[PDB]
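Single chain ahead, written as structure tokens, the form deposited in one PDB entry.
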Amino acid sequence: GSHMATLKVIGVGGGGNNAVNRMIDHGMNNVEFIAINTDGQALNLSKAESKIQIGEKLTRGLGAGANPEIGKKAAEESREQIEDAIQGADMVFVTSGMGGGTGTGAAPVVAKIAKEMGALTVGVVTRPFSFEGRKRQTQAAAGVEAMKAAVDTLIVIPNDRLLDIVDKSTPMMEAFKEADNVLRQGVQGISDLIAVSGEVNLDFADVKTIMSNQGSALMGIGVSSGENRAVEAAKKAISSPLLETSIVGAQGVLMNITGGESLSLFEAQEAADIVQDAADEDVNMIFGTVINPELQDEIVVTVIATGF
């Protein structure tokens, strides 16, 4: 008997549901998508197969009007419908934009329900742009703290970091796609780890060990070819221009390297050393390797870091 973990991605509120819509468009298989919102108009446009309208008696079908208490009460009163949607999950990713009413208030309730049901629960949330003002930032910070209390692991993306990767003309929607990559590639990295039996094998139990009840996390992937490919891919995997939690200080890392038949012992050590040197801690590594012959000169390094 083999194990095949059930993964679910849950968008909560406006930003979370747009991230879900964009991920569905990008294409993802063997992942269930759930869309949760107070805003019935936006939920009607969701591409997810499971849509949950919360708080209709409270908001009359509108959003939360920037009030986190409304988001929280909305979720609590739809608990049974949220549980039904999560049922069967082995891992749940909850994504939401903090600072509004629905995400801030409802996302921690959703995450708490998932964890109480035994699922490995990961949050990936944004903080608002500074141009949205102090009050939005303060509401968002309270949401982040509530999320921390309710998840196994949390990845925070300050939206201000998007201003570091655009030029004056980059479309807003293109910047948003860059932030979407954090969650999408983290999910895909776990999917790929579960689906393949590696020459040095890691599986969902290793994911649980690295992520259960840990706090902040980093999830990254790097791909490189040619000379110094392993160092370059490892540096890319831990590079964090959009992340609140960098690699620095990590005390546990799951690292998987995938390459073709040319994958060398020496370069696997090089990659492992990059990660641990950048952590600047004594890192408890869980190391894996997959030989994919279809790959020629490409190497892929996946990292999950916790223990901050």
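Note that the rigid core is defined as the largest set of C-alphas that superpose within 1.5 Å between two forms. Just count from 1 along the sequence shown to find any residue number.
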Looking at the deposited entry, does 195-203 or 149-157 carry the larger mean Cα B-factor?
-> 195-203
As stated in the PDB record, which stretch has the larger average Cα B-factor, 28-36 or 239-247?
-> 28-36
From 126, 185, 225, 137, the top C-alpha temperature factor is at 225
Out of 179, 117, 144, 106, highest CA B-factor residue | 117
Chain third (lowest, middle, highest) by recorded CA B-factor, residue given as residue 231 = middle
Relative to the other modelled residues in the chain, which third contains the C-alpha temperature factor of residue 208: lowest, middle or highest?
-> middle
Residue 267 - Cα temperature factor, lowest/middle/highest third of chain = lowest
Among all modelled residues of this chain, ranked by Cα B factor, put residue 95 in the bottom, middle or top third, i.e. lowest, middle or highest.
-> lowest
For residue 53, the third of its chain into which the C-alpha B factor falls | lowest
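The protein also exists as the form deposited in another entry; that form is not presented, and the subsequent description refers to it.
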Following superposition of the rigid core, which of 137, 181, 209, 214 is the only residue with a C-alpha displacement of 2 Å or more between the shown form and the other one?
-> 181
Core aligned, does the CA of residue 49 move at least 2 Å between the shown form and the other one?
-> no
Residue 195 C-alpha moves between the shown form and the other one by 2 Å or more, core aligned | yes
Take the rigid core as the frame of reference and indicate whether the C-alpha of residue 20 shifts by 2 Å or more between the shown form and the other one.
-> no
Over in the other structure, so in the other form, do residue 23 and residue 296 pull closer or drift farther apart at the C-alpha level? The difference is 3 angstroms or more.
-> closer
Note on residue 191-residue 124 C-alpha separation in the other form, which departs from the shown form by 3 angstroms or more | closer
